[PDB]
Amino acid sequence: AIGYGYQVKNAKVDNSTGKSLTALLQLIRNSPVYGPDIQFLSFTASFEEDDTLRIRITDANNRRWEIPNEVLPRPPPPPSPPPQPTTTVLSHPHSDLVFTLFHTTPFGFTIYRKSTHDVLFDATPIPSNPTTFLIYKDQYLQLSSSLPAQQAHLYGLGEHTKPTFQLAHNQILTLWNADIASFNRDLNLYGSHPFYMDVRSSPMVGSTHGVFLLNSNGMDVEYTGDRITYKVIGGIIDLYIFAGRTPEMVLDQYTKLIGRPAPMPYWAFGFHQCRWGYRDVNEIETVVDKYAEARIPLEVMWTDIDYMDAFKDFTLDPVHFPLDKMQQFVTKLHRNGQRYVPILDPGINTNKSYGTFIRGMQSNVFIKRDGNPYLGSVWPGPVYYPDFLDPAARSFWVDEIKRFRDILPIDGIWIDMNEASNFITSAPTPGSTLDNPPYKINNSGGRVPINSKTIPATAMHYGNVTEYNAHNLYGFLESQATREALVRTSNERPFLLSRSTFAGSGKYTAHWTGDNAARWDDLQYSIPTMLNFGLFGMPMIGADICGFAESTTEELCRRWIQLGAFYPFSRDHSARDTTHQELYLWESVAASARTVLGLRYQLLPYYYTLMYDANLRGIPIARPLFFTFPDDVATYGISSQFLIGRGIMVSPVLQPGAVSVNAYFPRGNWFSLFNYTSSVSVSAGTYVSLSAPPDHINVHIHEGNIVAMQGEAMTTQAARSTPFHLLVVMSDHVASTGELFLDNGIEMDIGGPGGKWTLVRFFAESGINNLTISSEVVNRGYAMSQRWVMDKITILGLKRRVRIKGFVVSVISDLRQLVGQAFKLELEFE
Ligand SMILES: C[C@H]1O[C@H](O[C@H]2[C@H](O)[C@@H](O)[C@@H](O[C@H]3[C@H](O)[C@@H](O)[C@@H](O[C@H]4[C@H](O)[C@@H](O)[C@@H](O[C@H]5[C@H](O)[C@@H](O)[C@@H](O[C@H]6[C@H](O)[C@@H](O)[C@@H](O)O[C@@H]6CO)O[C@@H]5CO)O[C@@H]4CO)O[C@@H]3CO)O[C@@H]2CO)[C@H](O)[C@@H](O)[C@@H]1N[C@H]1C=C(CO)[C@@H](O)[C@H](O)[C@H]1O
Ligand SMILES: *[C@@H]1O[C@H](CO)[C@@H](O[C@@H]2O[C@H](CO)[C@@H](O)[C@H](O)[C@H]2NC(C)=O)[C@H](O[C@@H]2O[C@@H](C)[C@@H](O)[C@@H](O)[C@@H]2O)[C@H]1NC(C)=O
Ligand SMILES: *[C@@H]1O[C@H](CO)[C@@H](O)[C@H](O)[C@H]1NC(C)=O
Ligand SMILES: *[C@@H]1O[C@H](CO)[C@@H](O)[C@H](O)[C@H]1NC(C)=O
C-alpha cells in the first residue's frame, strides 16, 4: 500500500537534566508510492514550557527544510537520539500534559491530559489501515490522529471561506497561498495557518487545547470527525501542543511561540474608505468632502493601483495623480486629523527607465529560475519578484520605501498580490518532481498544479531555498520588510495591511478577507473568517464592507455597515467594474452609518484596550462566544454572532427583507448599547427573537462588565478630546470589572518601559445598602498630562436606583473626576 510505517529502534528520556525524549525510528518496509521512504527518523518530544509540548520528527540522516529561525525565532530542538507492548513516557510535575511513545508495529504516540485523564492527540495506528500510519517520504508526510467525533469541536486551519466557524466533518482543507477570491467557499485562499483549536464538550466541558504544525509546505488536511490527518508535501514534522486549559490560555501559549500581535495605532480603528478605480486626485478629494457633508466619520483615505504611473510601485501618475496635488491632498488630510494609505505590489516592472527596476537589478534582489530572474506577470506588465529572503532585497525594499516617503507623506502601507500572484503560469521544468509533485494537494479544489498563477516551485531564493518550500512564507516575509521599512522611516507606530499571510504574520501586519462579494452569503462569511484570524494571532481583521466584487444593493450595504462598524478593521472597498458604494450615496445607509459608527467611536478606548490585551496575551478583539462562556456547549456552533472583548455581543441581520433576528443569549442579563432600557434576561442559555429595524442592529452588553467610553466625533483625534463616560453593568453574582489602556496612540513599543502610557482598572460591587465604584492607576503620568476627565457614570443591571451620599437605570452627573487619578466612589440605594 501507501506506506508500512516505522518501528521504535531506541528510545530514552534524558535523566536528571531537563526532561525530554529522544528516539530513533526505522522504516518497517519500503514502498514505491509517492516517492522513496526516509529510512531513519529522529523523533523527539520536549516541553518548551509547562503548557507546551513539542514533537519534532526529522530525517536522522539529512537536514530537511525547516522554517528559518530568522523568520520565526523559537527555542532550538533538544538533542537527537544515539545510533502488552513497550512504552516510553515523558512527563513534567508542573505540566498537565503527558507524552507516551508506544513501541508497537507500526509505532504510535499519544498526548493525554492529567487534569481529565483524557486523550488530546492520539497517533496510535490501526495496524490494518495505512491511512492512520505515520508516513515520511521526501514529498509526502502523513500524520494522523483520532478524535472523539462528538466531543471534539475544531476551529482554524485557514485560510478558508466557510459558512460555519466550527469545522464541518468530512472535508479536505488545503493550505497553499493562492490568489483565489474569498467569495469562493472551501478553496485555499491567500494565507496558510496550520493551527487548530480543539474545544472538548466532554468529559470536562470547555476544556481546550491547541495543535500547531510548524511547516510552510503545501498540505491537505483531512477532517472526518473521528480523525484528522495531515498530508504534507515537504519539510518536517514540527508539532506543538498547547495545554490550555481555557480557550484564552491556548492563544496565549500559541502567540507566545509565533509572536505577539503587533500593536495598531489609534487612528487605525477609525473608518476607512477605498476603491479600485478612483480616477484622479479630484475624485478622492470629493469623496472625503462628501463624507464630511454626510457627517459620517472618515478616518483614512486609501488609494489603489490607480495612483501609480501605469501600475508601477513608488511612482505617481503625472496626469491623474500629480505629485504636487497629492502633497496638497495629504497635507489637508493631516490638517483635519485624517490619514492616507497607498497600495503596493511585490512585482517590479521590467522598465529600463524605471528607477526601482534599475536599482533592484544592481543589488541582485530578484527571485531566480534556471539562473535568471523569473519573469512574472501582474498589473504593470512583465515583472521581477523581490526575494524577501535575501537581506539585500530587504534593504532595497526599505530604500525604495524611504525614497517614496520623502516625496510623499504616507501614514501606512497596503501590501497586495503577495502570494505571489502571477497572471501567466510557467511551464514545468522537465524531470522535476518539484514542479510535478508525486502527491497533488487539492489546490483550487481540483488538484490544480501548485505552480498555477504563481512563481514556479523550481525558482530559487537566497541560501539556495526553493520556492517549493518557501512559498507560503512570501507574504509573511514582505510584511517583515515593509514593517522594517516603515519603522526606519518614521518614529510612529506603523500600520500595514497584507493579503497573503502565514502563521506569525499578525506580529507584523493587519489582514482583510480579500476579494469577497456583494452577496448575503459573504456578509455572514465575514464572521467565521474574522474569528479564525483571531485564533491565528491576527486580531486586526475585517472584510470589505458592502462587498468588493459585484454591485451591491441598498439593503445589503445597510446591513453590512451595521455589522462592519464593529470589525476590528473597518473599511469600505470595491472593484471598479461595480457601482460605487460610499456610505453617503443612500440616506437609509448613511443614517445607519452615523448610528453604528457613532457607537464604534464611543467604543474607541475599549477597542484600543482590547488591542493592548491582544499584544499582551494574544487574546483576540473580536472573539467567539465560547471564549467568555466555555461551559455553554450551545455557543460552540454559533457562526452568526460574536463578541467584542469579554462582555459585548453583536447580533446582526444576515438575510434580506427581515426585521428580526433569532440570536442566542448565554445565561445572564444583557443590555442594549443603543437603549439601556432594552434588556434581555435568561436563567439559562436560549435563542431570543429581537426586533431588528432596517436601521437597527442588536448590540448588547453582559452583566459584570465595566466599559470606559468617550464621545462621538468625526475623527479619532477629536474623539480623544471628549469626556469619558463610564458604563457600569452590575451583577448579583460577581463584582463588575473593567480595564482601560491609555497611550499617545502612536508609541512604537506599546506599554513598554518608561511612562508614555497609563493603565486603569475599574471595579464595582453592590452591598445591601451601599454600592462602591473604584479605580486603580498604574503609571498615572501620561493620562494626567492628557486632561482626560470622567463626567458621567451610568449604572445598569440593578433593580434599585442609586445616588451619591425589572431593572432600573442610574446616572451620576457632574463628576469632573480625573481619569488618571485613582478614586473610590460611594453610592446609596433608594
Ligand atoms: C480584482 C481581482 O482580480 C483578479 O481576480 C479575479 C479573477 O481574475 C477573475 O477571473 C475572477 O475569478 C473568479 C472566477 O470568476 C470564479 O468562477 C472562481 O473561480 C473558481 C471556479 O469557480 C472553480 O470551479 C475552481 O475552478 C477549478 C475547478 O474546480 C477544477 O475542476 C479545474 O477545472 C478544470 C481545469 O481548469 C482544467 O485545466 C481541467 O483540468 O479540467 C478541470 C475540470 O475537469 O480547475 C479550475 C481552476 O483552474 O476554482 C476557481 C478559482 O481558481 O473564483 C475566481 C477567483 O479565484 O474573479 C477574481 C476576483 O476578482 C485578481 O486575481 C485579484 O488579485 C484581484 N484583486 C486584488 C486587486 C486589487 C486592485 O489592485 C485590489 O483592489 C483587491 O483588493 C485585490 O484583492
Ligand atoms: C516605462 O515607463 C514609462 C513611464 O511610465 C512608460 O511611458 C509612459 O507610458 C504611459 C502609458 O503606459 C503614457 O501615458 C506616458 O505618456 C508614457 N511616458 C513617457 C515618458 O513615455 C513606458 O511606456 C512605454 O512607452 C509608451 C510610449 C507606450 O508605448 C507603452 O506601451 C510602453 O510600454 C514604459 N515602458 C515599458 C517598456 O514598460
Ligand atoms: C428603549 O427601549 C425600550 C424597551 O424596548 C422602549 O420601550 C423605548 O421606547 C426605547 N426608547 C427609544 C427612544 O427607542
Ligand atoms: C453605607 O456604608 C458606609 C460604609 O460602610 C456607611 O458609613 C454608611 O452609613 C452606609 N450608608 C447607608 C445608607 O446605610
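When a ligand or atom number is given, it counts from 1 through the structure's own listing order. Along the sequence shown, the residues carry numbers beginning at 1. For the numbers below, each heavy atom of this structure counts, side chains included, while hydrogens, waters and symmetry mates do not.
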Which residue and atom name correspond to the protein heavy atom nearest atom 73 (O) of ligand 1, and how close is it? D304 OD2, 2.6 Å

For the pair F311 and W379, name the ring-plane relationship: parallel under 30°, tilted 30 to 60°, perpendicular over 60°. tilted

Any nitrogen or oxygen of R499, side chain or backbone, less than 3.5 Å from one on ligand 1? yes

Ignoring hydrogens and geometry, is there a side-chain-to-backbone donor-acceptor pair from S432 to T429 under 3.5 Å? no

Identify whether the distance between the nearest side-chain nitrogen and carboxylate oxygen of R594 and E587 falls below 4.0 Å. yes

With heavy-atom distances below 4.0 Å as the criterion, list the atoms of ligand 1 near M417. 64 (O)

Which pair of non-hydrogen atoms, one from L316 and one from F321, has the smallest distance, and what is that distance? CB-O, 3.5 Å

Logged contact type for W512 with ligand 1, heavy-atom cut-off 4.0 Å, is side chain

Got the closest protein heavy atom to atom 57 (O) of ligand 1, with its distance? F183 CZ, 4.0 Å

If the contact criterion is a heavy-atom separation under 4.0 Å, does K312 count as touching ligand 2? yes

Closest to atom 65 (C) of ligand 1 among protein heavy atoms sits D515 OD2, 3.2 Å

The atoms of ligand 1 lying under 4.0 Å from a heavy atom of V448, numbered in the order shown, are 45 (O)

Among non-hydrogen protein atoms, atom 31 (O) of ligand 1 lies closest to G446 CA, 4.3 Å

Looking only at side-chain N and O atoms, does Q273 offer a donor or acceptor that is under 3.5 Å from a partner on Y278? yes

Within less than 4.0 angstrom of ligand 1, does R447 place any heavy atom? no

Under-4.0 Å heavy-atom contact between protein and atom 31 (O) of ligand 2: no

For atom 1 (C) of ligand 2, is the nearest protein heavy atom under 4.0 Å away? yes

Any chance NZ of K453 has more than 12 other-residue heavy atoms, nucleotides or ligands included, within less than 6.0 Å? no

Got the closest protein heavy atom to atom 5 (O) of ligand 3, with its distance? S678 CB, 4.0 Å

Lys NZ or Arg CZ of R519 over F183 ring: under 6.0 Å, within 45°: yes

Can you confirm whether some protein heavy atom lies under 4.0 Å from atom 12 (O) of ligand 2, or whether none does? yes

What protein heavy atom sits nearest atom 3 (O) of ligand 1, and how far away is it? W379 CH2, 4.4 Å

For the pair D317 and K325, find out whether any cationic side-chain nitrogen is under 4.0 Å from an anionic carboxylate oxygen. no

Which of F671, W670, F665, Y676 passes ring-ring contact (aromatic ring centres under 6.0 Å, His included) with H700? It is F665

Location of contacts on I180 toward ligand 1, heavy atoms closer than 4.0 Å: both

Measure across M538 and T509 and return the closest heavy-atom pair with its distance rounded to 0.1 Å. CE-O, 3.7 Å

Scan the protein's non-hydrogen atoms and note whether one is under 4.0 Å from atom 39 (C) of ligand 1. no

Does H573 approach ligand 1 within less than 4.0 angstrom via side chain, backbone, both or neither, non-hydrogen atoms only? side chain

Between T513 and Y525, is there a side-chain donor-acceptor contact under 3.5 Å, judged purely by atom types and distance? no

Can you confirm whether more than 12 heavy atoms, excluding those of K440, are under 6.0 Å from its NZ atom? yes

Can you find a protein heavy atom closer to atom 55 (C) of ligand 1 than 4.0 Å? yes

Sub-3.5 Å N/O-N/O distance, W414 and ligand 1: no

Could you say whether the N/O atoms of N184 and ligand 1 ever approach to under 3.5 Å? yes

Any non-hydrogen atom of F423 lying under 4.0 Å from ligand 1? no

Side chain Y468, main chain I233, donor-acceptor under 3.5 Å: yes

Distance from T501 atom OG1 to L189 atom CG, nearest 0.5 Å? 10.0 Å

Which ligand 1 atoms are under 4.0 Å away from a heavy-atom of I305? 71 (O)

Among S452, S182, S444, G445, which residue places a heavy atom closest to atom 49 (O) of ligand 1? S444

Verify the contact flag for atom 15 (O) of ligand 1, where contact means a protein heavy atom under 4.0 Å away. no

Please determine if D179 has a nitrogen or oxygen closer than 3.5 Å to a nitrogen or oxygen of ligand 1. yes

Among all protein heavy atoms, pick out the one at the shortest distance from atom 6 (C) of ligand 3; state its residue, atom name and that distance to 0.1 Å. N675 ND2, 4.2 Å

Counting from 1, what ligand 1 atoms have a heavy atom of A181 closer than 4.0 Å? 55 (C), 56 (O), 59 (C)

Between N662 and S689, do the side chains contain an N or O donor and an N or O acceptor separated by less than 3.5 Å? yes

Can you check whether a protein heavy atom sits less than 4.0 angstrom from atom 19 (C) of ligand 2? no

Taking NZ, NE, NH1 and NH2 as the nitrogens, is one of them in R499 or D179 under 4.0 Å from a carboxylate oxygen of the other? yes

Contact atoms of ligand 2, heavy-atom distance to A310 under 4.0 Å: 12 (O)

Nearest-contact summary for atom 4 (C) of ligand 2 - protein heavy atom, Å: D309 OD2, 3.5 Å

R185 and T161: CA distance, side-chain angles, deciding distance, side-chain hydrogen bond (donor to acceptor under 3.5 Å, both in side chains) verdict: CA-CA 5 Å; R185 245 183 305 115; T161 293; over 6 Å; no

With distance as the sole criterion, is a donor-acceptor pair present between the side chains of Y384 and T350 under 3.5 Å? no

Under 4.0 Å from a heavy atom of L187: which atoms of ligand 1 are those, numbered in the order shown and with their elements? 49 (O)

Where ligand 2 meets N351 - atom numbers and elements under 4.0 angstrom, heavy-atom basis: 1 (C), 2 (O), 3 (C), 22 (C), 34 (C), 35 (N), 36 (C), 38 (O)

As an exercise, identify every atom of ligand 1 less than 4.0 angstrom from a heavy atom of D416. 67 (C), 68 (C), 69 (C), 72 (C), 74 (C), 76 (C)

